[PDB]
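Topology and contacts: notes
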Amino acid sequence: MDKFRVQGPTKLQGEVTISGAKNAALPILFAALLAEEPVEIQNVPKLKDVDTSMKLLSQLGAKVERXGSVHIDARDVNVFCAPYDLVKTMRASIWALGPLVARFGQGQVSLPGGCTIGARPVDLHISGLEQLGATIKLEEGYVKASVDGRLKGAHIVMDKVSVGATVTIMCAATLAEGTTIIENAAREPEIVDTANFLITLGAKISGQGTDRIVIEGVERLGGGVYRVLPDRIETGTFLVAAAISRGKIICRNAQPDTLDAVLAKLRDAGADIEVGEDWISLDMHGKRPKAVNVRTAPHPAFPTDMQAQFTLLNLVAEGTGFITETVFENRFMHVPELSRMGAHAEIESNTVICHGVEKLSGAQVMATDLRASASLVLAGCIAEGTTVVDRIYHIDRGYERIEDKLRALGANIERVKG
Ligand SMILES: CC(=O)N[C@H]1[C@@H](OP(=O)(O)OP(=O)(O)OC[C@H]2O[C@@H](n3ccc(=O)[nH]c3=O)[C@H](O)[C@@H]2O)O[C@H](CO)[C@@H](O)[C@@H]1O[C@H](C)C(=O)O
C-alpha cells in the first residue's frame, strides 16, 4: 500500500508540462479495435488506466507495446470478451463492446457493477447498439451483443447526455451500412479527439463537439498515427494548486479553449490569468482566493472532474461558497476527509456549502476517487504540518507522476512503501 507523505505549508510556484488526456487516450485505445492496419497513438500519459487498457487489448488478441507512444496491432483480434476480472477494476472496459460488434459481429462485455461515486447504469450504451440493429442479451453477468452481417445506420436521439454512450455509438457506426445521426450527443473535448482519430483511419464523421454527430459508414478502417490532446483536468488541477497556495504557475503543452468554465471560475476567485496558443499562466499576487459558486454539468460547463479541486479552493478561501453536483450526485467523499484537516463544510443533498478558513492542519486521510482524491494531495501541500494520504493507487490511475510535478513546484512530498 503506497502512501504520500506531505510536508506543509508550501507555496506552489514555477512550471509544469501537461500530459496527454487520460480520457482521450482511453476511448482511442478502444477505437483501435476497428483498425485493420497498425496504429500509433502519441502523447499518451503513463498511468494505471492505460495499462489496464493495454492488458485488455492484449487479451483480445491485439499486439500492444509502449514507451511516449502506444503501438497497437489489431489485425489478429481473435477473442471477443472483456472478462469480469478486468471490467471490475475499470468500468471504461465497456468500451470494447461497440468496436467488437461493429467489426466481428459479436462482443461479450461484463456488465459493470456498483461504483462509489453514484448510480452508473449503461442503458444508453445497450440501447444505442440495439438501434444500430444489434441483438443484446444478458447472461452470467455478461452483456452479449451480436449482429448477422453489419450494423445499420440510424437516427438516434439521446435521452440524456452521456460521454460514454456517445463514444460507443459513434464508434460502432463507423462500420455500419449508411448514415447514423446522434442527437443530443456529448460535446466533451475528448469526443472530438476520438472522432478525429477515427477520421484519420478513414471514417467519415461530422458534428463532433456539437449536439449533432453524423457518421457515414465505410467498409473498413486502416491504420495511422495520432497525437492525443492535452489533459484539461490535469491542467485545472495545477492551476488550482497555485491558486490555493498564493503562488504563480505556467502550464506548458496546454489547450486553453478546453477550459473556458474553469478559467472563468478562477478569475472569480481573484486570479490573474493569461493564455497563449499552448500555455496558461496564473498569478495570485500573494493573495488568498475569493469564495465562488459552482455548478457541475456536461461540457462546456464546469466539469465534475474539477469538483473536489474547487471544493478545496472554497475551503481555504475568503467567505462562503457553494458547489452543486448535477452529474455525479454523490461525489462527496473528499469533504469528510478535508474535515479531518480542519475544513468547515456541510452537505445538503447534492450541494456542499463551504466556509473558508485561514489554514488547514495535517492529518491522515484516505484516497478513493481517481480524480477527486488529488484534492487530498493538494490539501497536504498547503496544510500546516504533516499529512499522510493513504491508498494513492487510486491517484495512480488518473495522474502521471503527480509527485514529480508537485515537487518541481516546491512541494515537500514523498512516496513511501510502508
Ligand atoms: C473513462 C471516462 O472518460 N470517464 C468519464 C466519463 O464517464 P462516463 O461514465 O462515460 O460518464 P457519462 O456517461 O457522461 O455519465 C453520465 C451520467 O448519466 C448516467 N448514465 C450514463 C450512461 C447510461 O447509459 N445511462 C445513464 O443513466 C450516469 O449515471 C451519469 O450520472 O464522463 C464523466 C463525466 O465527464 C467523467 O467524470 C468520467 O471520468 C472518470 C471519473 C475517470 O476519470 O475515469
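Bringing the UniProt feature "binding site: phosphoenolpyruvate" in the chain into the picture now. UniProt records the feature "binding site: phosphoenolpyruvate" at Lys22 and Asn23, using the numbering of this structure. Mapped onto the elements of the fold, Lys22 is located in helix α1 (residues 22-31). Here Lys22 falls in the buried class, since its relative accessible area comes to 5%. In this view, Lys22 contacts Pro45, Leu47, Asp49, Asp231, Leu370, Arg371, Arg397 and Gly398; residues no more than four positions away in its chain are not counted. Residue class for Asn23 comes out partly exposed when judged on its relative accessible area of 28%. Discounting residues that sit within four places of it in the chain, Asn23 has contacts with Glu190, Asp305 and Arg371.

A separate point is the nonpolar core. Counting residues in each nonpolar core, the largest one holds 78 residues, and the members touching the most others are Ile41, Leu151, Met170 and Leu198. Discounting chain neighbours no more than four positions away, the residues touching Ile41 are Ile28, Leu29, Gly68, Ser69, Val70, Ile72, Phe197, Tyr226 and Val228. In terms of nonpolar packing, the next biggest core, distinct from the first, is built from 66 residues, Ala261, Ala269, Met284 and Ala363 among them.

Here we take up the pattern of salt bridges. Summed over all chains, the structure comprises 30 salt bridges. Measuring nitrogen to oxygen at the nearest pair gives 3.8 Å for the salt bridge that ties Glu36 to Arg103. Assessed through its relative accessible area of 26%, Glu36 is described here as partly exposed. Between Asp396 and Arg415 there is a salt bridge, with its nearest N and O atoms 2.4 Å apart. One end of the pair, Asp396, is in helix α13 (residues 393-398); the other, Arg415, is in strand β24 (residues 412-416), and 19 residues separate them in sequence. Of the residues examined, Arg415 reaches a relative accessible area of 23% and is grouped as partly exposed. One connected set of salt bridges, linked through shared partners, spans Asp2, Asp396, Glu403 and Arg415.

Turning to the packing of α1 against helix α7 (residues 189-200), a few remarks are in order. Look at α1 against α7: their axes get within 9 Å of each other, and the N-to-C directions meet at 35°. Considering only the axes of α1 and α7, their crossing is right-handed. In contact with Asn23, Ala24, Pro27, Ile28 and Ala31 of α1, α7 contributes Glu190, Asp193, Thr194, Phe197 and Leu198.

Moving on: the domain arrangement of the chain. Its domain assignment divides the chain into domain 1 (1-18 + 230-418) and domain 2 (21-228). Using C-alpha coordinates to define each centre, domain 1 is positioned 31 Å away from domain 2. Around 1700 Å² of area is buried between domain 1 and domain 2 when both sides are counted, 50% of it from carbon and sulfur atoms. On the domain 1 side of the contact with domain 2, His299, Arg397 and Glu400 bury the most area, a combined 32% of that side's loss. Taken together, domain 1 and domain 2 are joined by two salt bridges. Between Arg397 and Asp49 there is a salt bridge, with the nearest N and O atoms lying 2.9 Å from each other. Across the domain 1-domain 2 interface, the total number found is seven residue pairs in polar contact. In terms of residues, the side of domain 1 that touches domain 2 owes the most to one element, α13, which gives three residues. The residue makeup of the side of domain 1 that touches domain 2, split by class, is seven nonpolar, six polar and nine charged.

Here the focus is the sheet that holds strand β1 (residues 3-8). Spatial ordering of the open sheet is given by β22-β23-β1-β24, a layout of four strands whose pairing is mixed. Bordering the open sheet on either side are β22 (364-366) and β24, each of which pairs with just one other strand. Taking each pair of neighbouring strands and ignoring which way they run, the sheet shows an average axis angle of 20°. Relative to strand β23 (residues 385-390), β22 runs parallel, the two being bridged by three bridges. Its bridge partner being in β23, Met366 is matched across the sheet by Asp390. Where helix α12 (residues 374-382) meets the sheet, its contacts fall on β1, β22, β23 and β24, and the angle it forms with β1 comes to roughly 30°.

Before going further, it helps to examine the side chain of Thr237. Looking at where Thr237 falls in the secondary structure, it is placed in helix α8 (residues 232-245). Side chain to side chain, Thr237 and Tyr399 meet in a polar contact 3.3 Å long. Each residue touching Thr237, except ones within four places of it in the same chain, is listed here: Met306, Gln309, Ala374, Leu378 and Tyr399.

Further remarks concern the site of the ligand. Contacts to the ligand come from 22 residues, most closely from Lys22, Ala119, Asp123, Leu124 and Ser162. Here an oxygen atom of the ligand and a backbone polar atom of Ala119 are 2.7 Å apart. Here an oxygen atom of the ligand sits 2.7 Å away from a polar atom, N or O, in the main chain of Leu124. About the coverage of the ligand: the protein hides 85% of its 830 Å² of free accessible area. Of all the secondary-structure elements, those providing two or more residues to the shell around the ligand are α1, α5 (123-131) and α6 (163-173). Sorting elements by how many residues they give to the shell around the ligand places α5 first, with three residues. Along the lines of polarity and charge, the residues of the shell around the ligand split into 10 nonpolar, five polar and seven charged.

Cut-off values and rules
Residues numbered from 1 in each chain as written, not as in the entry; some residues may be left out. Heavy atoms only, no water. Residues with missing side-chain atoms left out of burial classes, pairs and counts. UniProt positions renumbered as here; feature names shortened; annotations may be inferred. Helix = DSSP H or I, 4+ residues; strand = E, 2+ residues; numbered from the N terminus. Buried < 20%, exposed > 50% of the residue type's maximum accessible area, 1.4 Å probe, protein only. Contact = heavy atoms within 4.5 Å. Core = buried A, V, L, I, M, F, W, Y, C linked by side-chain atoms within 4.5 Å. Salt bridge = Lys/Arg side-chain N within 4 Å of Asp/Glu carboxyl O. Axes fitted to C-alpha atoms, helices over the stretch in contact; angles between N-to-C directions. Left-handed = near helix turned anticlockwise from the far one by under 90°. Domains from an automatic or database assignment. Buried area = accessible area lost by both parts, 1.4 Å probe. Polar contact = N/O pair within 3.5 Å; in protein donor to acceptor, adjacent residues only side chain to side chain. Nonpolar A, V, L, I, M, F, W, Y, C, P; charged D, E, K, R; others polar. Pairing = 2+ DSSP bridges. Near = heavy atom within 4 Å. Areas by Shrake-Rupley, 256 points an atom, 1.4 Å probe, with all protein chains shown as cover.

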